[PDB]
Amino acid sequence: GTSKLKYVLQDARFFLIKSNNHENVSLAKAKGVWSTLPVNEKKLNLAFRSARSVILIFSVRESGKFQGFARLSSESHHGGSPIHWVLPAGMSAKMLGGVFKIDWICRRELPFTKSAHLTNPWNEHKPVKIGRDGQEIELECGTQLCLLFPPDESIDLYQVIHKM
Ligand SMILES: COc1cc(CN(Cc2cc(=O)[nH]c(=O)[nH]2)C2CC2)cc2c1OCO2
Numbered sequence: 344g345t346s347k348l349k350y351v352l353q354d355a356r357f358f359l360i361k362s363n364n365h366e367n368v369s370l371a372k373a374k375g376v377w378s379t380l381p382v383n384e385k386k387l388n389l390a391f392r393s394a395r396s397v398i399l400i401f402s403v404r405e406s407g408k409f410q411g412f413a414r415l416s417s418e419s420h421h422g423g424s425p426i427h428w429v430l431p432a433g434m435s436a437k438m439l440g441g442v443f444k445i446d447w448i449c450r451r452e453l454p455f456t457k458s459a460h461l462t463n464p465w466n467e468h469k470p471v472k473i474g475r476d477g478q479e480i481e482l483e484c485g486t487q488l489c490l491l492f493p494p495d496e497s498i499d500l501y502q503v504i505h506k507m
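Under the authors' numbering, think of the first position of the sequence shown as 344, with each following residue one higher.
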């Protein structure tokens with residue numbers, strides 16, 4: 344069903360997260376963590392305090408797809424286990440902010456062709472696939488986008504609900 348998912352998404356905030364490669368999304372899916380540049384770290388920490396759920400919707404650059412979505416379970420923190428992010432040439436790990444813990448809601452992919460009818464008011468009503476890393480997605484567009492993903496029957500939202 345979709346009812347627990349709708350409950351988790353109720354009054355949520357949504358952010359488009361771009362990854363340079365599949366390797367970083369794979370790491371995030373395996374370890375339940377994400378990290379970003381300080382500009383987006385500040386936005387996400389503010390959002391985490393502001394709303395019952397903050398949803399990150401992931402898209403690997405040039406893949407033509409979203410790779411899933413996850414809920415922030417923490418603000419960013421430093422000093423944990425280093426994550427061997429495949430950083431681009433020239434970016435040290437020190438350029439990153441802290442690490443956010445996340446709980447995956449859907450690890451299935453969604454092609455951009457399936458979201459062509461959804462526009463994001465916070466990015467000039469451009470198709471929701473279009474946006475910089477960290478672009479906020481307005482509630483209604485973000486909710487409908489998440490509802491387009493194939494159901495992920497491997498995940499049980501019971502434990503997620505208890506964290507709200
Ligand atoms: C494009 O190369 C980059 C790689 C990273 C490593 N990052 C993936 C990631 C990619 C991204 O685009 N945005 C993110 O927040 N994270 C892992 C820490 C999770 C961070 C970057 C970045 O440029 C903007 O900051």
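A virtual CB, placed ideally from N, CA and C, is assigned to each residue, including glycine.
### Task
Give the DSSP-derived three-state secondary structure of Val382 in the structure shown.
helix
### Message
For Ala459, report the span of its alpha helix (DSSP H) as first-last.
### Response
Where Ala459 is concerned, there is no enclosing alpha helix (DSSP H), given that its DSSP letter is neither H nor E.
### Query
Who are the Cβ neighbours of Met507 in its own chain at under 6 Å, not counting the five residues just before and after it?
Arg395
### Message
So if DSSP puts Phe358 in a beta bridge, which residue, or which two residues, is it bridged to?
### Response
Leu399, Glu479
### Message
Mapping the DSSP letters down to three states, classify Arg451 as helix, strand or coil.
### Response
coil
### Message
Please tell me whether, using a cut-off of 7 Å, the distance from the CB of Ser378 to the nearest non-hydrogen atom of ligand 1 is below it.
### Response
yes
### Task
Locate the beta strand (DSSP E) running through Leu439, then write down its first and last residues.
That residue, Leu439, is in no beta strand (DSSP E); it is neither H nor E in DSSP.
### Query
Which first and last residues belong to the alpha helix (DSSP H) in which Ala371 is found?
365-374
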